[PDB]
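We begin with a single chain expressed as structure tokens, specifically the form deposited in one PDB entry.
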């Protein structure tokens, strides 16, 4: 699972440090799904997580929205857990929402969606996991 973006460990560490407002797309109440595992970890580590998934109204005690734009609070990072073909719609939303970073989790990257995000000034993190990166870059031993 090699990173697709060209950012350094320092860049990622900075992103995880400066941006605490996360819109987690593809949120799921299922404990065994990566979206749930990562969201749970983020909540336990002080992040403001706003789950997004039209199929759910609440995930891990957090109100779940059908779209990123429906979220009342400001969003800085859009953490994607959906299939590549579905990221375009959410990238367009992230753009409208004024997000600062688009984060493509494992097996979700789509070059067309990423390109639009990049042309819009969005920072791109790709083929990395927010939890994995946090653990290895900001966690202990």
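C-alpha atoms forming the largest set that superposes within 1.5 Å between two forms make up the rigid core. Residues that one form lacks are left out of the comparison. Residue numbers count along the first chain shown, from 1.
Form deposited with a small molecule bound: not shown, discussed below.
Contact annotation: residue 50 falls outside 4.5 Å of the small molecule in the deposited complex, judged by heavy atom distances.
Of the heavy atoms in residue 126, none are within 4.5 Å of the small molecule in the deposited complex. Taking non-hydrogen atoms only, residue 42 never approaches the small molecule to within 4.5 angstroms in the deposited complex. At a distance threshold of 4.5 angstroms between non-hydrogen atoms, residue 122 is out of contact with the small molecule in the deposited complex. Site annotation in the deposited complex: the residue of 82, 60, 95, 101 reaching within 4.5 Å of the small molecule with a heavy atom is 82. Stretch 84 to 92 is the contacting one of 42 to 50, 69 to 77, 84 to 92, 111 to 119, since its residues have non-hydrogen atoms within 4.5 Å of the small molecule in the deposited complex. In sequence order, there is only one run of at least 3 consecutive residues whose Cα atoms each shift by 2 Å or more between the shown form and the other one, relative to the superposed core, and it is 1 to 4.
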